[PDB]
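Okay, upload_24.txt is below, compact mmCIF, C-alpha atoms:
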# COMPACT_ATOMS: atom_id res chain seq x y z
CA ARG U 118 -12.57 7.24 12.31
CA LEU U 119 -9.69 6.12 14.52
CA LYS U 120 -8.20 3.42 12.29
CA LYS U 121 -8.26 5.55 9.14
CA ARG U 122 -6.61 8.66 10.60
CA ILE U 123 -3.68 6.58 11.88
CA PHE U 124 -3.02 5.12 8.42
CA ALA U 125 -3.23 8.60 6.89
CA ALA U 126 -0.88 10.13 9.46
CA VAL U 127 1.84 7.48 9.14
CA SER U 128 1.94 7.50 5.33
CA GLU U 129 2.35 11.25 4.80
CA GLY U 130 4.78 11.70 7.68
CA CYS U 131 2.67 13.60 10.21
CA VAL U 132 4.75 13.13 13.35
CA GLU U 133 2.84 15.35 15.77
CA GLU U 134 -0.65 14.19 14.79
CA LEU U 135 0.55 10.62 15.39
CA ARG U 136 1.36 11.23 19.07
CA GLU U 137 -2.08 12.74 19.65
CA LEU U 138 -3.86 9.75 18.11
CA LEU U 139 -1.78 7.17 19.99
CA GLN U 140 -2.44 8.87 23.32
CA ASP U 141 -6.17 8.85 22.51
CA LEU U 142 -5.85 5.13 21.81
CA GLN U 143 -4.70 4.43 25.38
CA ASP U 144 -7.55 6.57 26.72
CA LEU U 145 -10.12 4.27 25.12
CA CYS U 146 -8.50 1.32 26.93
CA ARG U 147 -9.03 2.62 30.48
CA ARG U 148 -12.60 3.97 30.29
CA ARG U 149 -14.04 0.74 28.88
CA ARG U 150 -15.17 -2.70 30.03
CA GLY U 151 -11.56 -3.88 29.67
CA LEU U 152 -11.65 -7.61 28.90
CA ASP U 153 -8.70 -8.45 26.63
CA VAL U 154 -6.12 -5.67 26.24
CA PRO U 155 -3.72 -7.59 23.84
CA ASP U 156 -6.40 -8.84 21.46
CA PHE U 157 -8.19 -5.49 21.25
CA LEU U 158 -5.22 -3.20 20.65
CA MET U 159 -3.86 -5.55 17.98
CA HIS U 160 -7.26 -5.42 16.27
CA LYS U 161 -7.35 -1.61 16.09
CA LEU U 162 -3.92 -1.34 14.42
CA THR U 163 -4.65 -3.99 11.78
CA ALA U 164 -6.91 -3.99 8.73
CA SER U 165 -9.15 -7.04 9.00
CA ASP U 166 -9.40 -7.60 5.24
CA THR U 167 -5.74 -8.20 4.31
CA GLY U 168 -3.88 -8.33 7.62
CA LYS U 169 -1.74 -5.25 6.97
CA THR U 170 -0.55 -3.53 10.15
CA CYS U 171 0.64 0.00 10.85
CA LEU U 172 4.34 -0.89 10.75
CA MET U 173 3.89 -2.43 7.30
CA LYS U 174 2.20 0.79 6.18
CA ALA U 175 5.12 2.90 7.42
CA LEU U 176 7.80 1.11 5.41
CA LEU U 177 5.88 0.97 2.12
CA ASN U 178 5.70 4.78 1.93
CA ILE U 179 9.20 6.10 2.58
CA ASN U 180 9.07 9.67 3.93
CA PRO U 181 11.98 11.90 4.98
CA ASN U 182 10.59 11.58 8.54
CA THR U 183 10.11 7.80 8.61
CA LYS U 184 13.06 7.06 10.92
CA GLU U 185 11.11 8.59 13.80
CA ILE U 186 7.80 6.87 13.00
CA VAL U 187 9.42 3.46 13.45
CA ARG U 188 11.01 4.67 16.70
CA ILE U 189 7.66 5.83 18.11
CA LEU U 190 5.73 2.76 16.94
CA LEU U 191 8.24 0.33 18.46
CA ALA U 192 8.33 2.35 21.69
CA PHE U 193 4.52 2.38 21.92
CA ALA U 194 4.06 -1.38 21.53
CA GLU U 195 6.43 -2.23 24.39
CA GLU U 196 4.67 -0.86 27.49
CA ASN U 197 1.38 -2.35 26.30
CA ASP U 198 3.27 -5.70 26.01
CA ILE U 199 2.20 -6.73 22.51
CA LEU U 200 5.74 -6.29 21.15
CA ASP U 201 5.89 -9.91 19.98
CA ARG U 202 2.66 -9.92 17.97
CA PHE U 203 3.29 -6.46 16.50
CA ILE U 204 6.76 -7.08 15.06
CA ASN U 205 5.92 -10.56 13.70
CA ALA U 206 2.57 -9.98 12.01
CA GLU U 207 1.87 -11.43 8.58
CA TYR U 208 -0.43 -11.05 5.63
CA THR U 209 -3.29 -13.53 5.50
CA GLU U 210 -4.68 -13.51 1.96
CA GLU U 211 -3.62 -15.76 -0.90
CA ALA U 212 -1.43 -13.48 -3.00
CA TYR U 213 0.93 -12.28 -0.26
CA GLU U 214 0.90 -15.08 2.32
CA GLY U 215 3.82 -14.78 4.73
CA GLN U 216 5.28 -11.32 4.13
CA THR U 217 6.62 -9.68 7.28
CA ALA U 218 7.70 -6.19 8.27
CA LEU U 219 11.35 -7.23 8.02
CA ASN U 220 10.73 -8.41 4.45
CA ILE U 221 9.63 -4.93 3.35
CA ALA U 222 12.51 -2.99 4.94
CA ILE U 223 15.13 -5.03 3.06
CA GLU U 224 13.47 -4.52 -0.34
CA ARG U 225 13.07 -0.75 0.18
CA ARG U 226 16.87 -0.62 0.81
CA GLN U 227 16.84 0.71 4.37
CA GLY U 228 20.05 -0.29 6.14
CA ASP U 229 19.75 1.50 9.48
CA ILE U 230 16.10 0.54 10.04
CA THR U 231 17.06 -3.10 9.43
CA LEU Z 694 6.41 -0.53 -42.21
CA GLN Z 695 4.68 -2.50 -44.95
CA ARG Z 696 2.67 -4.62 -42.52
CA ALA Z 697 1.65 -1.55 -40.50
CA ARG Z 698 -0.11 -0.09 -43.53
CA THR Z 699 -2.14 -3.28 -44.02
CA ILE Z 700 -3.39 -3.24 -40.42
CA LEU Z 701 -4.66 0.34 -40.56
CA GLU Z 702 -6.49 -0.37 -43.82
CA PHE Z 703 -8.51 -3.18 -42.24
CA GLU Z 704 -9.33 -1.01 -39.23
CA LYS Z 705 -11.04 1.68 -41.32
CA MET Z 706 -13.16 -0.98 -43.01
CA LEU Z 707 -15.00 -2.74 -40.19
CA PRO Z 708 -18.14 -1.06 -38.73
CA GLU Z 709 -18.57 0.84 -35.48
CA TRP Z 710 -19.90 -1.92 -33.23
CA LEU Z 711 -16.87 -4.07 -34.03
CA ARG Z 712 -14.50 -1.19 -33.33
CA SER Z 713 -15.68 -0.72 -29.74
CA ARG Z 714 -15.23 -4.43 -29.02
CA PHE Z 715 -11.63 -4.50 -30.30
CA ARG Z 716 -10.41 -1.56 -28.20
CA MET Z 717 -7.08 -1.59 -26.36
CA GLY Z 718 -6.20 -0.50 -22.85
CA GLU Z 719 -8.30 0.23 -19.79
CA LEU Z 720 -9.25 3.27 -17.73
CA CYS Z 721 -6.75 4.00 -14.97
CA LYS Z 722 -7.15 6.60 -12.22
CA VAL Z 723 -3.85 8.40 -12.66
CA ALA Z 724 -4.28 11.53 -10.54
CA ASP Z 725 -7.06 13.48 -8.84
CA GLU Z 726 -10.05 13.36 -11.24
CA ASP Z 727 -8.15 12.22 -14.32
CA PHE Z 728 -8.75 9.14 -16.49
CA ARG Z 729 -6.57 8.61 -19.54
CA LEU Z 730 -7.04 5.07 -21.01
CA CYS Z 731 -3.48 3.76 -20.78
CA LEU Z 732 -1.60 0.69 -22.09
CA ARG Z 733 0.44 -1.68 -19.90
CA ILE Z 734 4.01 -2.85 -20.60
CA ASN Z 735 6.14 -4.93 -18.20
CA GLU Z 736 9.94 -4.93 -18.00
CA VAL Z 737 12.88 -6.18 -15.92
CA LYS Z 738 15.87 -3.97 -15.05
CA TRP Z 739 18.98 -5.16 -13.20
CA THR Z 740 21.74 -2.57 -13.45
CA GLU Z 741 20.30 0.48 -11.64
CA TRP Z 742 19.12 0.14 -8.04
CA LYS Z 743 17.02 2.68 -6.15
CA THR Z 744 14.33 2.97 -3.51
CA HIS Z 745 10.86 3.12 -5.01
CA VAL Z 746 8.87 6.32 -4.56
CA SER Z 747 6.01 7.64 -6.78
CA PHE Z 748 3.90 4.57 -7.55
CA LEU Z 749 0.15 4.11 -7.95
CA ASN Z 750 -0.64 0.82 -6.18
CA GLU Z 751 0.99 -0.35 -2.97
CA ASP Z 752 -0.03 -3.98 -3.54
CA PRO Z 753 2.14 -5.09 -6.48
CA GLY Z 754 0.08 -8.05 -7.66
CA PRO Z 755 -2.38 -8.21 -10.52
CA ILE Z 756 -5.75 -7.13 -9.15
CA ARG Z 757 -8.25 -10.05 -9.22

Taking this structure as input, can you express it in the form of structure tokens?
Amino acid sequence: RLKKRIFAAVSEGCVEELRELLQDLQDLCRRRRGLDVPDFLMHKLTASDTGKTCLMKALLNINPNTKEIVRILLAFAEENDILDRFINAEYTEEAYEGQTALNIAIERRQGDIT
Amino acid sequence: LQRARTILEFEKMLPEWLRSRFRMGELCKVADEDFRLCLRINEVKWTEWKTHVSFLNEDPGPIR
């Protein structure tokens, strides 16, 4: 119920419901056993079937409010220190092997996000 | 126009259980609770560039 509401909020352009879900995501990190904070938080923001991440889902569905969703998502992944694995994630299945989040922003003709 | 008349004459002649086997198109979920049995045509366009909104599938490949 956490992973699906984040994908639904980013695609339609719900800015304010995104900040409430991301702050709840940090709350689950503290009150927990707390073993591996990079490998868990990367697993929640990634579909395990295809390897699609949240930043890939933002750029496929261009909203009028998508310039702020990229700004919040890149700000969020920095203090948790998984900036490297979040910006350089890839698909894993056979039909799309190697497509990155940079490779979608160029095709959707977004100059300033590039 | 002359060959199109010959095709529609052979289609009225064969029985019903052949006619369901030789049917074109497939059911496609177009909108909320709507199924319309569409036909698929591919094309390549070079001269007009735009950003793509209003599609059905995010994953552009052929499914399976």

Checklist line | Residue neighbourhood range 209-218 of chain U, 10 Å, only C-alpha atoms, exclusion window fewer than 6 positions, as JSON, numbers by chain | finding: {"U": [165, 166, 167, 168, 169, 170, 171, 172, 173, 174, 175, 176, 177, 203, 231], "Z": [752, 753, 754, 755, 756, 757]}

Next item on the list: Figure out the distance between CA of residue 178 in chain U and CA of residue 196 in chain U, please, to one decimal in Å.
Entry: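 Atom-to-atom, CA of residue 196 in chain U to CA of residue 178 in chain U, that is 26.2 Å.
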
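The chain Z residues that come within 8 Å of chain U are residues 743, 744, 745, 746, 751 and 754 of chain Z, with only C-alpha atoms taken into account.
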
Note to self: My list of candidates is U:161, U:122, U:184, U:150. Which is closest to residue 222 in chain U when distances are computed with all atoms listed in the file?
What the structure shows: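 Counting all atoms listed in the file, the residue closest to residue 222 in chain U is U:184.
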
Please identify all polymer residues within 12 Å of residue 718 in chain Z, counting only C-alpha atoms, omitting same-chain residues fewer than 5 positions from it, and present them as a PDB file with C-alpha atoms, in the frame of the given file.
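Now in result.pdb:
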ATOM      1  CA  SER Z 713     -15.680  -0.720 -29.740  1.00  0.00           C
ATOM      2  CA  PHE Z 728      -8.750   9.140 -16.490  1.00  0.00           C
ATOM      3  CA  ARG Z 729      -6.570   8.610 -19.540  1.00  0.00           C
ATOM      4  CA  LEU Z 730      -7.040   5.070 -21.010  1.00  0.00           C
ATOM      5  CA  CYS Z 731      -3.480   3.760 -20.780  1.00  0.00           C
ATOM      6  CA  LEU Z 732      -1.600   0.690 -22.090  1.00  0.00           C
ATOM      7  CA  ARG Z 733       0.440  -1.680 -19.900  1.00  0.00           C
ATOM      8  CA  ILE Z 734       4.010  -2.850 -20.600  1.00  0.00           C
TER       9      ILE Z 734
END

Next item on the list: Calculate how many Å separate CA of residue 742 in chain Z from CA of residue 228 in chain U, rounding to one decimal.
Entry: 14.2 Å

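Atom pair CA of residue 185 in chain U / CA of residue 132 in chain U has a distance of 7.8 Å (rounded to one decimal).
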
Next item on the list: Using all atoms listed in the file, pick whichever of U:220, U:160, U:129, U:142 has the shortest atom-to-atom distance to residue 181 in chain U.
Entry: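 Closest to residue 181 in chain U of all the choices is U:129.
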
Your completed range 722-747 of chain Z with N, CA, C and O atoms, as a CSV table (one decimal), in the frame of the given file:
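Okay, part_29.csv is ready:
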chain,number,residue,atom,x,y,z
Z,722,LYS,N,-7.2,5.4,-13.0
Z,722,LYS,CA,-7.2,6.6,-12.2
Z,722,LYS,C,-5.7,7.0,-12.0
Z,722,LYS,O,-5.0,6.4,-11.2
Z,723,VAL,N,-5.3,8.0,-12.7
Z,723,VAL,CA,-3.8,8.4,-12.7
Z,723,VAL,C,-3.6,9.4,-11.6
Z,723,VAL,O,-2.7,9.3,-10.7
Z,724,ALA,N,-4.4,10.5,-11.5
Z,724,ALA,CA,-4.3,11.5,-10.5
Z,724,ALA,C,-5.7,11.9,-10.1
Z,724,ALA,O,-6.6,11.2,-10.3
Z,725,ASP,N,-5.8,13.0,-9.4
Z,725,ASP,CA,-7.1,13.5,-8.8
Z,725,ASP,C,-8.0,13.9,-10.0
Z,725,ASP,O,-7.7,14.9,-10.6
Z,726,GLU,N,-9.0,13.2,-10.2
Z,726,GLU,CA,-10.0,13.4,-11.2
Z,726,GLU,C,-9.4,13.4,-12.6
Z,726,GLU,O,-9.5,14.5,-13.3
Z,727,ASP,N,-8.8,12.3,-13.0
Z,727,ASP,CA,-8.2,12.2,-14.3
Z,727,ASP,C,-8.2,10.8,-14.7
Z,727,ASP,O,-7.8,9.9,-14.0
Z,728,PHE,N,-8.7,10.5,-16.0
Z,728,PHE,CA,-8.8,9.1,-16.5
Z,728,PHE,C,-8.3,9.2,-17.9
Z,728,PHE,O,-8.8,10.0,-18.7
Z,729,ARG,N,-7.3,8.4,-18.3
Z,729,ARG,CA,-6.6,8.6,-19.5
Z,729,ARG,C,-6.5,7.4,-20.5
Z,729,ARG,O,-5.9,7.6,-21.6
Z,730,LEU,N,-7.0,6.2,-20.1
Z,730,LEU,CA,-7.0,5.1,-21.0
Z,730,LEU,C,-5.7,4.6,-21.5
Z,730,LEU,O,-5.3,4.8,-22.7
Z,731,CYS,N,-4.9,4.1,-20.6
Z,731,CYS,CA,-3.5,3.8,-20.8
Z,731,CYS,C,-3.3,2.3,-21.2
Z,731,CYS,O,-4.2,1.5,-21.2
Z,732,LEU,N,-2.0,2.0,-21.6
Z,732,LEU,CA,-1.6,0.7,-22.1
Z,732,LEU,C,-0.5,0.2,-21.2
Z,732,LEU,O,0.4,1.0,-20.7
Z,733,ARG,N,-0.5,-1.1,-20.9
Z,733,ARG,CA,0.4,-1.7,-19.9
Z,733,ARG,C,1.6,-2.5,-20.5
Z,733,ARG,O,1.3,-3.4,-21.4
Z,734,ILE,N,2.8,-2.2,-20.1
Z,734,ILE,CA,4.0,-2.8,-20.6
Z,734,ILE,C,4.9,-3.2,-19.4
Z,734,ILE,O,5.2,-2.3,-18.6
Z,735,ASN,N,5.3,-4.5,-19.3
Z,735,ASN,CA,6.1,-4.9,-18.2
Z,735,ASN,C,7.6,-5.0,-18.7
Z,735,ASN,O,7.9,-5.2,-19.8
Z,736,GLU,N,8.5,-4.9,-17.7
Z,736,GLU,CA,9.9,-4.9,-18.0
Z,736,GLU,C,10.7,-5.3,-16.8
Z,736,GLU,O,10.2,-5.2,-15.6
Z,737,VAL,N,12.0,-5.7,-17.0
Z,737,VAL,CA,12.9,-6.2,-15.9
Z,737,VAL,C,14.2,-5.4,-16.1
Z,737,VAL,O,14.8,-5.5,-17.1
Z,738,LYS,N,14.7,-4.8,-15.0
Z,738,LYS,CA,15.9,-4.0,-15.0
Z,738,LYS,C,16.8,-4.4,-13.9
Z,738,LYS,O,16.3,-4.4,-12.7
Z,739,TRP,N,18.0,-4.6,-14.2
Z,739,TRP,CA,19.0,-5.2,-13.2
Z,739,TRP,C,20.1,-4.2,-12.8
Z,739,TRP,O,20.6,-4.3,-11.7
Z,740,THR,N,20.5,-3.3,-13.7
Z,740,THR,CA,21.7,-2.6,-13.4
Z,740,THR,C,21.6,-1.3,-12.6
Z,740,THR,O,22.7,-0.9,-12.0
Z,741,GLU,N,20.5,-0.8,-12.4
Z,741,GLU,CA,20.3,0.5,-11.6
Z,741,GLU,C,19.4,0.2,-10.5
Z,741,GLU,O,18.2,-0.1,-10.7
Z,742,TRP,N,19.9,0.4,-9.3
Z,742,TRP,CA,19.1,0.1,-8.0
Z,742,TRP,C,18.7,1.4,-7.4
Z,742,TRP,O,19.5,2.4,-7.3
Z,743,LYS,N,17.5,1.5,-6.8
Z,743,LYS,CA,17.0,2.7,-6.2
Z,743,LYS,C,15.9,2.3,-5.2
Z,743,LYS,O,15.4,1.2,-5.3
Z,744,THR,N,15.5,3.2,-4.3
Z,744,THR,CA,14.3,3.0,-3.5
Z,744,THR,C,13.1,3.6,-4.2
Z,744,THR,O,13.2,4.6,-4.8
Z,745,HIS,N,12.0,2.8,-4.2
Z,745,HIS,CA,10.9,3.1,-5.0
Z,745,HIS,C,9.9,4.1,-4.3
Z,745,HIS,O,9.3,3.8,-3.3
Z,746,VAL,N,9.9,5.3,-4.9
Z,746,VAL,CA,8.9,6.3,-4.6
Z,746,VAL,C,8.0,6.5,-5.8
Z,746,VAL,O,8.4,6.0,-6.9
Z,747,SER,N,6.9,7.2,-5.7
Z,747,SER,CA,6.0,7.6,-6.8
Z,747,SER,C,5.4,6.5,-7.6
Z,747,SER,O,5.7,6.4,-8.8
